[PDB]
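K.L.:
Provide a 3D model corresponding to the input given below.
(chains A and B, ligands or ions: 10)
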Number of protein chains: 2
Amino acid sequence: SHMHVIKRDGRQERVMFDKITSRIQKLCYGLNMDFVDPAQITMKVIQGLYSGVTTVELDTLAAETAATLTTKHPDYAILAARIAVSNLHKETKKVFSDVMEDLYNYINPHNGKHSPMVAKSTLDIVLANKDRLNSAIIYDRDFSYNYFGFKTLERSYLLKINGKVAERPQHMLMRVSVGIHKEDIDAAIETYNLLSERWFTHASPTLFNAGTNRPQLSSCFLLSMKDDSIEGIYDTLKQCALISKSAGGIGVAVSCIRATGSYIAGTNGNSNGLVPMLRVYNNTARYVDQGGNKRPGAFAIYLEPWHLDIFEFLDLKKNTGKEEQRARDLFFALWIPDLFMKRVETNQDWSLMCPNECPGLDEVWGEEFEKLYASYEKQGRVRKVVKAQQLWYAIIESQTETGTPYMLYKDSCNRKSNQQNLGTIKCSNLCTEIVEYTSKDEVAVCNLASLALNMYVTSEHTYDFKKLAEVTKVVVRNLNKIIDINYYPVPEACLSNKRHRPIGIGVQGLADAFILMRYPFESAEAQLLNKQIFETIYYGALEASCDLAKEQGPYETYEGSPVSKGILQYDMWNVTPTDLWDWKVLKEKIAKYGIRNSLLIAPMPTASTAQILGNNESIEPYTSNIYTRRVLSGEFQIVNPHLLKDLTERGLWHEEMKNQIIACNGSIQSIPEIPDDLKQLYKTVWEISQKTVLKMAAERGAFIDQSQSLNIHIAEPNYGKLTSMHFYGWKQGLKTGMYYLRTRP
Amino acid sequence: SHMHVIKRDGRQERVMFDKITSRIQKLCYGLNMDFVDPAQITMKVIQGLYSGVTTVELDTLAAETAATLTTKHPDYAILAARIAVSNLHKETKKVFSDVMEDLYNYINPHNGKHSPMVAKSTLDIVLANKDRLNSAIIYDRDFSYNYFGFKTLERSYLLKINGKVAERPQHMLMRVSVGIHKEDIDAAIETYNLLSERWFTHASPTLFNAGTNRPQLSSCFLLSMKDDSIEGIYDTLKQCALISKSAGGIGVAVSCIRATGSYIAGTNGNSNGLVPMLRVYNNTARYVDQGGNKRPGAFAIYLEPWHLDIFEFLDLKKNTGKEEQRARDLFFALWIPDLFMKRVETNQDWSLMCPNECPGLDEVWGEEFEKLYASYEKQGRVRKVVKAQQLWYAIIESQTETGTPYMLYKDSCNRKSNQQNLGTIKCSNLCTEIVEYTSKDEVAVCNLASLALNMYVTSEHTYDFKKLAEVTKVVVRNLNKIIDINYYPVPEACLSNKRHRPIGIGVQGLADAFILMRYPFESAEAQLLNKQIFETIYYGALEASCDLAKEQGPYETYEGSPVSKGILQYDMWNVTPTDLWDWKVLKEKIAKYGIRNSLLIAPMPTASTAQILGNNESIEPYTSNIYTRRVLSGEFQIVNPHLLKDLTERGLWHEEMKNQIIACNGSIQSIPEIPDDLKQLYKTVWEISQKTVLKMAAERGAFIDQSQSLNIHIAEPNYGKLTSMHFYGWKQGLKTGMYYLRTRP
Ligand SMILES: Nc1ncnc2c1ncn2[C@H]1C[C@H](O)[C@@H](COP(=O)(O)OP(=O)(O)OP(=O)(O)O)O1
Ligand SMILES: Nc1ncnc2c1ncn2[C@H]1C[C@H](O)[C@@H](COP(=O)(O)OP(=O)(O)OP(=O)(O)O)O1
Ligand SMILES: Nc1ncnc2c1ncn2[C@H]1C[C@H](O)[C@@H](COP(=O)(O)OP(=O)(O)OP(=O)(O)O)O1
Ligand SMILES: Nc1ncnc2c1ncn2[C@H]1C[C@H](O)[C@@H](COP(=O)(O)OP(=O)(O)OP(=O)(O)O)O1
Ligand SMILES: Nc1ccn([C@@H]2O[C@H](COP(=O)(O)OP(=O)(O)O)[C@@H](O)[C@H]2O)c(=O)n1
Ligand SMILES: Nc1ccn([C@@H]2O[C@H](COP(=O)(O)OP(=O)(O)O)[C@@H](O)[C@H]2O)c(=O)n1
Ligand SMILES: [Mg+2]
Ligand SMILES: [Mg+2]
Ligand SMILES: [Mg+2]
Ligand SMILES: [Mg+2]
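P.N.:
Residues are numbered from 1 along each chain as shown, chains lettered A, B, ... in the order given. Ligands and ions are numbered 1, 2, ... in the order given. Let me share the structure:
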């Protein structure tokens, strides 16, 4: 008949338009009514309406229209967040316990199987404790997310039932706290309130599988080859298949595979090298997706540069060429020793050999690698001799073209790690921050936890240090409770992760801490500031693991580590820390009790986590002050809201200032309406000299017991800033030369 | 200095040209000197000579030039064979024993490893018995190969040392007879003389690895999936990797993998189907090569047509489209039941379902499959309904475009096999002749042995039957000795191949037996003839396995088979055999002693084996009377030498008759110089109606206890001859509808 809409109860009515403005103005309380205008939003919604429309599409399109209108006044972000979050909170259930009973009592709607979303012990903990725990949840905190962080949180992370999302966000975060803190409830309420107050957040597989039926909370996996045979290659392929099933990240050390042309004693033939093998890993990276297709399964391939197939390895992730000689859905990385640095330095030659001819090489680092490599370089057992600057030119061609390979430094990582007593660290994970020991028997597993920073900044614009160590103590107790609950997908993972027991802590949003502390990025108080911050994080981490080892005893391989010898991570950098803390009593209690976890700190990139909480990616500056937004039918420009927060107060903001920053791509310094302080507080990273950031990485990574991601931003391809940049990173002592060479077009 | 050639001792001399004609005329004894001309060969050799040439290149180019001059007179084939074979027999050693000591005493020339070419027990058998066995070898038989068969035999099959071939052909065939007949010598000399007199030959992995260090003599491997999980898929991928390492042929039953969109209870997602999985098997088929790169590892993928992904499965081996939706280095095949035949027959509908929804389907054949498929077709549990002639049109589009898929008939194979007591035969091998039971526990392995035919034709033009059964007895004793010596690459292979113990016998060159018996291909004595031949082969095979079971007892699962119930293979076809033999006493001795091997006869294609011995491919007619030859710088036309043998006697051959058959592509029937008998004795297969060949396949395959290859030759794409051809093959009862749709351009 007429234009009827399908009202959410399931019924239909006539189109009465004042229900829209009746609802929006109800959801506009507490905003600037001088620019909050329900009529424009209603008008663009009615531009899209038709007959027979479910009303949840009208609320979705209402929040979408408010998100597109956010450019006119910044309160429409708060409005659009209230529209989407109110749309969800009207939909699903109020009580957490009946949601959990609905998830456990799930039935596959065409197979009849009692196929739960949560394990029965999780439901046991909930139903035994629902009275305190339903009282602990606070739904006032769900209106605190950004809109785009809420849509990113909704599209993939909330547990769905037949396509309809059936979890509020506090149901997910309380589900995580039950999923980790099993027996105890006080830790679940301190962990819940410290969690939902957005102080720290766990990693994404923890948000996937906390308390579910297959609890695989880990996110870091480091695998090396079992053998240089078909059985080793395909058994390693099997382990990468299972681990990439249970939503992990896999970095593979592929150093020990014989090269093209070496003799095969079994079938009297010659090998074809690494290129079809890594092509098999290419199709495996396409087939298995992490979890329920939530993100594609990605593999890192690490190769040391002395291997003979290095040129076809570097020409492998490209765009042109034959298709059968490209494997472009992987991530390639070079695990470079100091000798290739020295031979590129003085234009000498370089010996590409085959690890069947020269066996047992990648397990040897430093001066011993110099002696063994020189002794094989003497005997003439090598196969090819290439001038080192030619291969360096090939590396800069590959990084210039695609950004791959990554570059890590072998002797720097093997020298400055707490797992020296085990052997030689072969590889690292996909995002190049977990530097741990791998073997044929031990497959390295590490857990993650990302602390935010800008929630700690007080109103005095003086940073809070004493809170940060305290939350770090709660985090270390969380991860150390994670390691003993996790279900490892392969049997080699449990022995490594329970013998050595590592954790991982990484912060996100350093640029917001600098803006809210009101310092320039290349100032003196910034370089003092991050140094003091990671002294606080590192100190509180060591105090927390000390207080755990006082209660459960240290890990199984402690005596032999340099921490048992008193050398902490900063002395391996030979940098005495500041007088901000008391390190003597810390080293006394460590010398009397040990520590519980081997490796502690690890700055991860946190793309998706910082996408949720609105912070910037972990430590880098803003890419531009204008950042785009992916909206259906609108992909548009939103300025940095801290910059806009200062501009509305300083008066220089007007109705075309956005258009004034369109034609400069974030560069606010070219405009004549300038207080000449925003040019220091809001430096575009393209307008930031990279070597100051590298010095800041030398200080901060000098207070980190693992590596850290390092997105290199360079506007134009030039070999001097690249070559001097990598050599400068090697001279400062960094464990990671690069993670991406990013060139803006 | 001057033009010096490097004489084979390693020295150098001046170019003296009468050494060439001094040698060729020495190697021309016994030929037609009216057309044997050393001066033309010498002239074209000296066209290629230069300074500093090793003289073995001069003999190689001499045999090559004689091979190109063979068109002028057929004795230059005998000449070129004598040149190449004399070139090899001047080179390597005369004594077999010192060759074997050289192979076992091999050392890798840059690793020092005593890496043998033969096992130490083989050398023990040789050195304990070298006195009789060096006397048994006859080097007069090496001048009996064709030239192109000798070059094909030399480039890949003779065991090389550092690129230089160090085996005479009788060294290889005697190496095979030592490699099979281990303790006994009389069987090695009867097997050697019956072998090197070119009566029968083993399969190609037997020629690869007889008596070597990794004895993997088998050539047929049938694998099904362990599980519909990641562990089953990648464990099956591991087994296909090891088996394709040790030079086997792998056919995989991929029926039991869930389709696109089905729910995954582990990670709450949906599967992507079969297309990326078979893309992973595509790169695995590219990476692992069979043996020492001797032929590329190929996989067969069998799918039953009721699976939901059947359309993307059929559009998968093509040329155009996106690259990520194609897997073209595989071989695809449909395992069709009778219901798709009946629904295509009467234009009805067809139910594409998912084997997670409808479990346990491919293990059910015939009327029970009709009942179970109708019961799932009733409940509405199916997912798609497609008109059957549409999918049949897609099949004819795929076979028309590339020739894949193959077509096998499920109920026909499950009904007419001796392994009915085990369960349901899921799949078959790559070349579609081995129809055996596969399981999660039993991986099917079958050995092969190809008998030639035209060596049996006596001078009376009456075929020898009593010899053929006798050589068949020697063959069955050979293969039954092969099964107990073989080293299976996976542990599931040994249990199947020792419980059920199958063998495989296939003949090659039926067209030569018809020409040497002087009958037309579509005559009456041809259809009588092959029927009598396979009654002889089948009878002698059953008598041989009976006489083995009289001595060792039948296999472990005999009682339950229809042979124990007295029904042989011909009664499953309901065709009483001829009165050529005595079947009553055979069935009495089988009824009193059983048989040793379950399945016996299997016509394989034998591309490479018939390429060696000069026979035609197994049972098909000649593709054309003119067949080309691959020669370096000359790829030219040589007529069928039996046709030429009749033409030089009947006088109609002249110096331009080749040019008269150029413009007709083998069709000798269009020329006016015709005795009108060669038009019957030498029918081009494009000039042969296919349904007579299908009737001949109904008779011959009615006397075969497994399937047989069937190369379908049709000159133009037409749907009536295709559709009526497959339906005609289903009406005759054949186990294999097609193996290739070949269209000449
Ligand atoms: N009769 C209507 N015609 C057109 N749009 C409507 C109508 N009623 C509501 N809408 C719009 C207003 C909102 O933008 C959106 C959702 O309305 P909403 O009131 O929340 O559904 P609902 O009526 O079931 O919720 P509730 O019953 O709790 O009020 O649909
Ligand atoms: N058929 C093959 N095709 C391509 N590569 C192969 C093949 N077989 C082996 N390889 C590669 C895989 C490994 O990188 C390497 C050695 O495999 P492996 O099984 O250890 O050889 P092997 O043990 O039979 O001889 P070796 O003793 O020299 O290692 O050669
Ligand atoms: N001096 C020569 N100059 C050019 N070609 C030669 C010369 N001698 C021989 N040839 C050709 C003739 C043959 O086609 C080919 C091989 O000759 P061949 O006699 O078999 O080498 P060889 O002399 O070492 O063998 P052998 O010592 O047993 O006689 O080279
Ligand atoms: N991450 C993935 N990406 C793509 N396909 C997958 C993935 N995980 C599983 N599959 C496919 C492979 C199999 O065809 C199918 C079932 O695998 P399987 O391990 O049995 O699932 P599961 O056991 O965890 O859940 P279920 O009990 O329903 O099988 O799903
Ligand atoms: N595309 C990606 C990126 C990271 N990761 C894994 O997640 C870890 C940290 O990356 P991250 O914190 O940015 O991942 P998110 O938590 O943001 O999803 C890495 O060590 C990888 O193991 C992944 O599996 N897939
Ligand atoms: N390209 C091929 C052809 C056949 N084969 C295997 O060899 C068996 C018989 O084929 P064939 O007799 O033509 O092989 P050859 O002996 O001629 O080399 C088949 O069952 C396959 O298992 C193979 O592995 N690769
Ligand atoms: Mg309403
Ligand atoms: Mg080996
Ligand atoms: Mg000579
Ligand atoms: Mg499963």
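K.L.:
Show me where the stretch 501-650 of chain A has its strands.
P.N.:
For the stretch 501-650 of chain A, the strands defined by DSSP state E, counting those that start in this stretch cover A:506-508, A:626-631, A:634-639.
K.L.:
now those strands in CSV, with distance to residue A:120?
P.N.:
For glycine as for every other residue, the C-beta is placed from the backbone atoms N, C-alpha and C. Shown next, in CSV, are the strands of the stretch 501-650 of chain A (distance: least, Cβ to Cβ, whole Å):
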stretch, distance to residue A:120
strand A:506-508, 33
strand A:626-631, 39
strand A:634-639, 45
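K.L.:
ranking the ones you listed by burial, who's on top?
P.N.:
The highest average neighbour count among the strands of the stretch 501-650 of chain A, using mean count of other Cβ atoms under 10 Å in any protein chain shown, belongs to strand A:506-508 at a mean of 26.
K.L.:
Minimum distance to ligand 2, which residue of the stretch 301-450 of chain A gives it?
P.N.:
Of all residues in the stretch 301-450 of chain A, residue A:356 sits closest to ligand 2, at 7.0 Å by Cβ to the nearest ligand atom.
K.L.:
and that residue, what does it touch?
P.N.:
Counting by Cβ atoms under 8 Å, 6 or more residues apart in numbering or on different chains, residue A:356 touches A:228, A:258-259, A:262-263, B:111.
K.L.:
what about the closest residue to residue A:406 other than its chain neighbours, distance to ligand 6?
P.N.:
Closest residue in space to residue A:406, ignoring its immediate chain neighbours: residue A:333 at 3.7 Å, by Cβ to Cβ, 6 or more residues apart in numbering or on different chains. Relative to ligand 6, residue A:333 is positioned 37 Å away (Cβ to the nearest ligand atom, to the nearest Å).
K.L.:
Please give the number of neighbouring residues around residue A:333.
P.N.:
Here the number of neighbours of residue A:333 (other Cβ atoms under 10 Å in any protein chain shown) works out to 24.
K.L.:
How about residue A:206?
P.N.:
Residues lying near residue A:206 (other Cβ under 10 Å) number 24.
K.L.:
doesn't residue A:481 make contact with it?
P.N.:
No - if you go by Cβ atoms under 8 Å, residue A:206 and residue A:481 don't touch, sitting 11.6 Å apart.
K.L.:
what's the overlap in contacts for the two?
P.N.:
Here residue A:206 and residue A:481 have residue A:180 as joint contacts, going by Cβ under 8 Å, 6+ apart.
K.L.:
Once you drop chain neighbours, what's closest to the residue of the stretch 551-700 of chain A found nearest ligand 4?
P.N.:
As assessed by Cβ to the nearest ligand atom, ligand 4 sits closest to residue A:608 within the stretch 551-700 of chain A, at 17.8 Å. Of all residues not flanking residue A:608 in the chain, residue A:204 sits nearest, at 5.6 Å (Cβ to Cβ, 6+ apart).
K.L.:
contacting residues for the one you found?
P.N.:
A:157, A:219, A:247, A:608-609.
K.L.:
Which of those residues fall within helices?
P.N.:
A:608-609 (DSSP state H).
K.L.:
can you tell me which helix or strand the residue of the stretch 1-150 of chain A found nearest ligand 2 belongs to?
P.N.:
Residue nearest to ligand 2 within the stretch 1-150 of chain A (Cβ to the nearest ligand atom): residue A:115, separated by 40.6 Å. Using DSSP states H and E, residue A:115 sits within no helix or strand.
K.L.:
mind listing what it touches?
P.N.:
A:106-108, B:265.
K.L.:
Of those, which qualify as buried by neighbour count?
P.N.:
residue A:106 (16 or more other Cβ atoms under 10 Å in any protein chain shown).
K.L.:
so which of the contacts of residue A:115 comes closest to ligand 4?
P.N.:
residue B:265 (3.4 Å).
K.L.:
The closest one in helix, strand or coil?
P.N.:
Judged by DSSP: H, G, I helix; E, B strand; the rest coil, the three-state class of residue B:265 is coil.
K.L.:
what's the nearest residue to it if we skip its chain neighbours?
P.N.:
Using Cβ to Cβ, 6+ apart, the nearest residue to residue B:265 is residue A:115, at 4.6 Å.
K.L.:
so how many other residues sit close to residue A:566?
P.N.:
Residue A:566 is flanked by 10 other residues according to other Cβ under 10 Å.
K.L.:
Only whichever of the contacts of residue A:204 are buried, select them in ChimeraX.
P.N.:
Typed into ChimeraX, the line below selects the buried ones among those, using 16+ other Cβ under 10 Å:
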select /A:157,219,247,608,609
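K.L.:
just curious, which of the contacts of residue A:204 is nearest to ligand 1?
P.N.:
Ligand 1 has its nearest neighbour among the contacts of residue A:204 in residue A:157, at 24.2 Å by Cβ to the nearest ligand atom.
K.L.:
so the closest one touches residue A:171, yeah?
P.N.:
No - using Cβ under 8 Å, residue A:157 is not in contact with residue A:171; the gap is 11.6 Å.
K.L.:
ok and the residue in the stretch 251-400 of chain A nearest ligand 2?
P.N.:
For the stretch 251-400 of chain A, Cβ to the nearest ligand atom, closest residue to ligand 2: residue A:266, 2.2 Å.
K.L.:
Let me see the contact set for that residue.
P.N.:
Residue A:266 neighbours (Cβ under 8 Å, 6+ apart): B:213-214, B:245.
K.L.:
who wins for neighbours among those?
P.N.:
Neighbour max across those (other Cβ under 10 Å) = residue B:245, 23 neighbours.
K.L.:
Without its sequence neighbours, what residue ends up closest to that residue?
P.N.:
residue A:230 (5.2 Å).
K.L.:
now do residue A:553
P.N.:
Leaving aside its sequence neighbours, residue A:553 sits nearest to residue A:594 (Cβ to Cβ, 6+ apart; 7.6 Å).
K.L.:
how close does the one you found sit to residue A:276?
P.N.:
For residue A:594, the distance to residue A:276 (Cβ to Cβ, to the nearest Å) stands at 48 Å.
K.L.:
Over to residue A:131?
P.N.:
Going from residue A:131 to residue A:276 by Cβ to Cβ gives 61 Å.
K.L.:
Please apply the same query to residue A:366.
P.N.:
As judged by Cβ to Cβ, residue A:366 and residue A:276 stand 34 Å apart.
K.L.:
wait, what's in contact with the closest residue to chain B within the stretch 451-600 of chain A?
P.N.:
Of all residues in the stretch 451-600 of chain A, residue A:489 sits closest to chain B, at 9.6 Å by Cβ to the nearest Cβ. Applying Cβ under 8 Å, 6+ apart to residue A:489 gives the contacts A:216, A:242-243, A:245-246, A:248.
K.L.:
quick revisit: compare residue A:366 and residue A:276 (neighbour count), which wins?
P.N.:
Per other Cβ under 10 Å, whichever of residue A:366 and residue A:276 has more neighbours is residue A:276, with 20 against 16.
K.L.:
Just confirm that one is within a helix.
P.N.:
Yes - counting by three-state DSSP, residue A:276 is part of a helix.
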